[PDB]
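Visitor: What would the 3D arrangement of this be:
(4 chains, ligands or ions: 1)
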Amino acid sequence: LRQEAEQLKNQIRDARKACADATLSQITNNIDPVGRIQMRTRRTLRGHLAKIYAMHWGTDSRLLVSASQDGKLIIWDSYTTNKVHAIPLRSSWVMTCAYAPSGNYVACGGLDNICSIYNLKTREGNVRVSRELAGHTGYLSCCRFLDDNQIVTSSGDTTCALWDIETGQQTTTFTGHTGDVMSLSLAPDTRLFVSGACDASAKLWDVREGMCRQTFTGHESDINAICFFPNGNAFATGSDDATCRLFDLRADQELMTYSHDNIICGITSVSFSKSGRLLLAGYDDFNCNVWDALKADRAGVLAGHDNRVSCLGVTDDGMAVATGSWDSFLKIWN
Amino acid sequence: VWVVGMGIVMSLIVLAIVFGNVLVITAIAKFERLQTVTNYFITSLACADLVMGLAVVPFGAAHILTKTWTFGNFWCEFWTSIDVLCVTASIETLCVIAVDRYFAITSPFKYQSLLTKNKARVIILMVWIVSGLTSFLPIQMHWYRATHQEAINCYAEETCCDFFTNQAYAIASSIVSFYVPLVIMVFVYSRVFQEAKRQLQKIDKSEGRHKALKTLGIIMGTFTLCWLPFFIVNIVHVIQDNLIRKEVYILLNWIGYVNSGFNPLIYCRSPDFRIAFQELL
Amino acid sequence: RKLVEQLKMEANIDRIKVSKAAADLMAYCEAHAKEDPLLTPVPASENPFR
Amino acid sequence: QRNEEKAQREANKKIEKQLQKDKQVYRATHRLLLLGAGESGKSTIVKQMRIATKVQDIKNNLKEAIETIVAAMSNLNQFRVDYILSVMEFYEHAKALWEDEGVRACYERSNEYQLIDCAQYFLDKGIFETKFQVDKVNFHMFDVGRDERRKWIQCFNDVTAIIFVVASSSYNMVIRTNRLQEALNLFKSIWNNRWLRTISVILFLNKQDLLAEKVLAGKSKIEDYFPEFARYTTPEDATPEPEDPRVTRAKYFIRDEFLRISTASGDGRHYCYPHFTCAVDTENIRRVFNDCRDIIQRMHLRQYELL
Ligand SMILES: CN[C@@H]1CCc2c(ccc(O)c2O)[C@H]1O
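Guide: Numbering: from 1, shown residues only, chains lettered A, B, ... in the order given. The structure is reproduced below:
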């Protein structure tokens, strides 16, 4: 019965231990440190009603989109501080947002167990629902756009799924995870993606196969975010406890642990830099830290908000990083 | 030698008032979180206190120490006008803060809709404009100046100038500055304390297992002990000119001035203001 | 049952040495280090924000 | 190129003009989160506050209750039970069911299996948002429910108060901890939450008439399930109605059991508003308004250092 599963898990752990040859810090001890990094708010973006959870930089690096409980998802032009579109939300709650690579559609998901996709670019400048996605038992944790037609969603029913908007049905469903999934990230190659959940386990799924190829369970508490290394062969997660970890997909185990004695709060969002050197992680202690990926040290402190930060995003151009907090003050930091 | 100590004390008081007002204004302006509808009144109060402490307190100290007003008569006119304007603005700002607290406490649901940033700016502009109309307008037009022969010479003389006013202007100016606001805030804080006592009684009854009195007592007693003696002697000297002496008038005027210095301590004890203060320094 | 099948499927997968993965990661980071406005100070004129 | 800048400025102006009214509307209304437990009767309170195909839904609920009774019998007319067990005409078959003595005992022995109370009485014979206005004040209530993790609770940091609906008559139930003590634990978890640092609770104790009905009968002893009640005595202060002293003592013990953790854990900005709500009491709408007014007033007293 369960004895075979326990033996297989022990064998997997032994294989992961045997795969370990040298620690990442031992290899990176020779490299020069990044040094002190000072960042300041080049542009502050205000005018939003309530606390926000979500943000997704556009591929053009110009348009930025955020969502709050106010019942409105509003697109912000980063350069000129102009609210290009203000889309009211049918459901008062949104726990995620997404921006299409083409930029034609904008996705929003909330606690109403239904994800909605808005047609941002229309004739006569009217924003309307294109399709509303079918029920996933529970709040839609996170939503991303593989293309203009397909959206991969996560929700509280412990299941992730990729949907075709034209049909409006579940093309494939990823099941088999114990806890509620809370975050996900898609690889730059878009063939693979991982999902961060509340069951203290982060596992990679294959889009075409529909089966979890690998499973990582290094963390002890529930994890709240996950982002890919720009190379696409590694990804890092932020957890409820102060620790954040970086996992190597080929090494199948946890490479480096990011933690400090002083920090005891939770981590809300994790985003990599364009080069991947700086792992930008938000915190529940009302600030965020720009931590070095390799040396595993604090490159610099970064505090601008009264409330806890709730979302981060590094633009594809890499020019600067934006952060969103519960004070409704979404500030873009370079 | 007694003059040197008094001058040092006056300089220290002016510096303390200026520093407190500047710190309050900087804390209000720098942090976006501290900026709230009820804190625009605090910003106006801080601006008025800073203006008063920077303008009239050093000039008054110079006048009392030197015993001769070296500047021109028009400059002394402007000094008296700006002094009375700042005093009225400060007291009326305390009254407006009391009214805001009354609306916040007595009718909790009406407060959110009634008080707005535009509404706060409108009421602050209205109170500053009414202070101007009540204080600055009669000073320049020369209505207030004493009709009796006494001090007409010193009003004509440029060397020295002392406040000698007609009995008509003194009553109305003192009324609008202090007495109407005194009644308003007394009634407001009586109602607020009654609501606090009712809430304490209800929470004691429900749980089954005062602090507001001390705070209200501070907020009332500081203002009363600072200002009421000066305005009562303002009322009484025009009635009986032989009743008081000039030194008493000056001492009570400066003890009234000191309220602006004390006030940042009284009205900026909120945790957000403490956080802003420790962040700035 | 299903967990047994999933763990059996994920049990037999090839593993690369951790040293090789670390070397590849640091090589990528060093190679693409120059083209990163966060890592090196952004030129004032080239910076769109200011 | 300045035309694009002018167009963007005009669009921003229009968006801000709409957003001003949106913010006014948002600040006008108050948010209440209803954390009513399963089978706690939160539907009755919502219906009371608010105040065919629905008949088909009620018939389906009655069929589900009959299936639950059959399962309870398994956990312990024969063809009719098989039809219904097989079901998993029919009306007549259902009427044949519950006629036997065993099914009547299973209805009496509800401790083993959870059954719908509203359907059971008639049997013998998805987020929900509600907008209700009281005294020209915009109240707008929500229902979030069933996850053990309860991650959505941390989302509700802007609501004025959390209505925690629980049935005091649920002490007799047994599941693997009775639902009353499970609700006590859930209330403690809500109270001892880091994110809910400025949130009050307005709880209602439904089924108080049914609570009296259970208390009058000696079938289940309070001390058998809650030993501390035996040493517990009625507090000196009381709010007697017309009720026997034993019922009042039991109700006050339940209220104190809820109130103990709430009073001990937090002081200031964390207050509890116990209301004894009857099944058919229609004054609960006014009680919620009074409690919300008191909560906002006490928050303002806690601010300004008055306390
Ligand atoms: C001598 N200094 C002035 C004289 C008159 C005066 C003061 C303050 C408030 C008023 O309403 C006044 O009318 C004093 O500060």
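Visitor: How about stretch B:57-66 and the ligand, touching?
Guide: No - between stretch B:57-66 and the ligand, judged by CB under 6 Å from any ligand atom, nothing touches; the nearest distance is 7.5 Å. C-beta: built from backbone N, CA, C; applies to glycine.
Visitor: now that stretch: how far from the chain's centre is it?
Guide: Taking CA atoms, centre = their mean, to the nearest Å, one finds stretch B:57-66 lying 20 Å from the centre of the chain it belongs to.
Visitor: secondary structure class for residue A:271?
Guide: The three-state assignment at residue A:271 reads strand, by DSSP: H, G, I helix; E, B strand; the rest coil.
Visitor: I'd say it and residue A:314 touch.
Guide: Yes - the criterion here is CB atoms under 8 Å, and residue A:271 meets it with residue A:314 at 5.0 Å.
Visitor: Pull out the buried residues from stretch D:263-280.
Guide: By neighbour count with 16 or more other CB atoms under 10 Å in any protein chain shown, stretch D:263-280 contains the buried residues D:263, D:266, D:270-278.
Visitor: wait, does that stretch make contact with chain B?
Guide: Yes - with CB under 8 Å from any CB of the partner chain as the measure, stretch D:263-280 is seen reaching chain B through D:263, D:271, D:273-274.
Visitor: Between the two ends of that stretch, how far is it?
Guide: One end of stretch D:263-280 to the other measures 29 Å (CA to CA, to the nearest Å).
Visitor: do the same with stretch B:22-39
Guide: 15 Å.
Visitor: biggest helix in the chain by residues?
Guide: Just so you know, I chose chain A. Counting residues, the longest helix found in chain A (DSSP state H) is helix A:2-19.
Visitor: could you do chain D instead?
Guide: Assigned via DSSP H, chain D shows its longest helix as helix D:2-28.
Visitor: Now do the buried residues in it.
Guide: Buried, per 16+ other CB under 10 Å, within helix D:2-28: D:8, D:11-12, D:15, D:19, D:22-23, D:26.
Visitor: And for stretch B:51-60?
Guide: Buried, per 16+ other CB under 10 Å, within stretch B:51-60: B:51-57, B:59-60.
Visitor: Could you do stretch D:250-262 as well?
Guide: Here stretch D:250-262 shows D:250-259, D:261-262 as buried, counting by 16+ other CB under 10 Å.
Visitor: just to revisit the earlier point, filter the buried residues of helix D:2-28 down to the ones close to chain A.
Guide: Restricting the buried residues of helix D:2-28 to those near chain A - CB under 8 Å from any CB - leaves D:8, D:11-12, D:15, D:19, D:22-23, D:26.
Visitor: Nearest to the ligand among the residues you listed?
Guide: residue D:23 (40.0 Å; CB to the nearest ligand atom).
Visitor: Touching, that closest one and residue A:49? I think so.
Guide: Yes - with contact defined as CB under 8 Å, residue D:23 reaches residue A:49; the gap is 5.4 Å.
Visitor: May I have the residues that are in contact with the closest residue to residue A:273 other than its chain neighbours?
Guide: Distances taken as CB to CB, 6 or more residues apart in numbering or on different chains put residue C:38 closest to residue A:273, at 4.9 Å, once the chain neighbours are dropped. Contact analysis of residue C:38 by CB atoms under 8 Å, 6 or more residues apart in numbering or on different chains lists A:37, A:39, A:273-275, A:277-278, A:290, A:314, A:318, A:320-321, A:334.
Visitor: Need the contact partners of stretch A:187-199.
Guide: Here stretch A:187-199 has contacts from A:144, A:146-147, A:152, A:154, A:158, A:160, A:174, A:177-186, A:202-208, A:213, A:222-226, A:228, A:230, A:232, A:235, A:237-238, D:149, D:151, using CB under 8 Å, 6+ apart.
Visitor: Can you pull the residues of the stretch 151-300 of chain A lying near chain D?
Guide: Contacts of the stretch 151-300 of chain A with chain D, taken as CB under 8 Å from any CB, map to A:156, A:179-180, A:182, A:198, A:222.
Visitor: Among those, which pair sits farthest apart?
Guide: A:156 and A:222 (12.3 Å; CB to CB).
Visitor: if we can go back for a sec, any residues in contact with both of residue A:271 and residue A:314?
Guide: Taking CB under 8 Å, 6+ apart as the contact rule, residue A:271 and residue A:314 both touch A:280, A:321.
Visitor: ok, the two, which is more surrounded?
Guide: Counted by other CB atoms under 10 Å in any protein chain shown, residue A:271 and residue A:314 do not tie: residue A:271 has more neighbours, with 25 against 22.
Visitor: From chain C, how far out is the more buried one?
Guide: From residue A:271 over to chain C the distance is 11 Å, taken as CB to the nearest CB, to the nearest Å.
Visitor: quick one on the thing from earlier: which residues do residue D:23 and residue A:49 both contact?
Guide: Joint contacts of residue D:23 and residue A:49 (CB under 8 Å, 6+ apart) are residue A:70.
Visitor: Correct me if wrong, but residue D:201 is in a helix.
Guide: No - assessed with three-state DSSP, residue D:201 is strand; it does not lie in a helix.
Visitor: Show the contacting residues for residue B:188.
Guide: B:98-99, B:101-102.
Visitor: Could you check which helix or strand contains residue A:142?
Guide: Element membership of residue A:142 [criterion: DSSP states H and E] is strand A:140-145.
Visitor: Residue 213: neighbouring residues, count only.
Guide: All of this refers to chain A. Residue A:213: 16 neighbours (other CB under 10 Å).
Visitor: could you do chain D instead?
Guide: 12.
Visitor: Not counting sequence-adjacent ones, nearest residue to it?
Guide: Here the residue nearest residue D:213, using CB to CB, 6+ apart, is residue D:169, at 7.9 Å.
Visitor: any idea how far that neighbour lies from residue D:145?
Guide: 20 Å (CB to CB, to the nearest Å).
Visitor: higher neighbour count, these two?
Guide: Neighbours around residue D:169 and residue D:145, counted as other CB under 10 Å, are more numerous at residue D:169. The numbers are 23 against 15.
Visitor: All set now, cheers.
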